[PDB]
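Heads up: the structure comes next, in structure tokens.
Just so you know, all these numbers are worked out from the coordinates, no wet-lab data involved. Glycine gets a Cβ as well: all are built from the backbone with ideal geometry, and neighbour counts include every protein chain shown.
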Amino acid sequence: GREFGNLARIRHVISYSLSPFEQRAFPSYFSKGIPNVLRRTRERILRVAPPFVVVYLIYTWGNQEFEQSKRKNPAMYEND
Amino acid sequence: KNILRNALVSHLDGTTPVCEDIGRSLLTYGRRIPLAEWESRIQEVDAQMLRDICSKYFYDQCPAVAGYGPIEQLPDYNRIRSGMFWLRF
Ligand SMILES: CCCCCCCCCCCCCCCCCC(=O)OC[C@H](COP(=O)(O)OCCN)OC(=O)CCCCCCCCCCCCCCCCC
């Protein structure tokens with residue numbers, strides 16, 4: 001019922017493609033991969049990173065608070 | 001071979017296609033190839049050299065595809081390229 005031939009109505013659209021044996025599999029891989037990755041990470045880093053930053057701060061604070069919770073209070077054994 | 005013989009002789013009928021064949025033969029081959037030479041080149045063709053030449057020109061070759069109309073179910077290039085050979089030879 002839902003196969004190729006009856007998916008959508010498309011008019012006046014031209015597509016050009018070439019054979020995979022005709023073109024390279026890695027056309028300028030590093031020289032255009034690096035700026036594209038940098039663009040994607042600079043468009044998403046402010047939405048993604050600060051929650052995990054404050055997870056790191058909460059994790060370190062909780063671990064150190066537990067460590068000083070196990071620490072001996074020097075105020076005890078001071079009266080006698 | 002019989003269909004090709006009929007096609008060549010029935011095409012060379014009337015003054016206009018004969019003049020057309022003369023003009024194309026002098027422009028392309030540089031000479032007019034007679035029908036006896038065509039018949040000799042037809043009768044030297046057998047099944048073994050036909051499948052050899054067809055494997056030379058059709059098997060595992062990258063095709064050019066041109067579609068116009070409702071061509072969404074026309075397969076893309078990987079499926080046609082994979083259909084250009086058989087896994088069983
Ligand atoms: C006011 C924004 C100013 C931005 C200045 C930066 C320069 C902007 C212009 C140059 C372009 C730089 C690249 C742009 C990349 C995409 C755009 C972008 O980053 O936009 C800012 C982004 C979205 O802004 P918007 O959603 O409108 O802000 C609502 C804030 N709630 O908003 C952000 O990224 C802000 C995200 C802040 C998130 C704070 C979360 C704090 C709480 C975390 C709790 C986690 C759990 C804690 C523990 C719970 C249990 C104990």
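Mind putting a number on the dipole of chain A about its Cα centre? Charges go on the C-beta only, +1 for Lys and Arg and -1 for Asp and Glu, and I need it in Debye to the nearest 20. If you can, show how the numbers build up before the last one.
On the way: 13 positive and 7 negative charges, 147 e Å.
Dipole of chain A, to the nearest 20 debye: 700 debye.
Along the positive direction of the dipole of the protein assembly as shown (beta-carbon charges: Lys, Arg +1; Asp, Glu -1; about the Cα centre), which of B:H11, B:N78, A:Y59 reaches farthest?
A:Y59
Using alpha-carbon positions, what is the distance between the centroids of the range B:7-55 and the range A:1-76, in Å?
64 Å
If one takes the longest principal axis of the Cα atoms in chain A, at what angle in degrees, from 0 to 90 and to the nearest 10, does the Cα axis of helix A:29-69 lie?
The helix A:29-69 is inclined about 20 degrees to chain A.
Which ordering of A:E65, B:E39 is given by a fewest-first count of other beta-carbon atoms within 10 Å?
Numbers: A:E65 9, B:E39 15.
With the fewest neighbours first, A:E65, B:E39 line up as A:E65, B:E39.
Nothing charged except the Cβ atoms of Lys and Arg (+1) and of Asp and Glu (-1): what's the magnitude of the dipole of the protein assembly as shown about its Cα centre? Round to the nearest 20 debye. Don't skip to the answer; put the middle values down first.
Details: 24 positive and 18 negative charges, 84 e Å.
Magnitude of the dipole: close to 400 debye.
Can you put B:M49, A:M76 in order, fewest other beta carbons within 10 Å first?
Values: B:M49 10, A:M76 7.
Listed from fewest to most nearby Cβ atoms, that is A:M76, B:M49.
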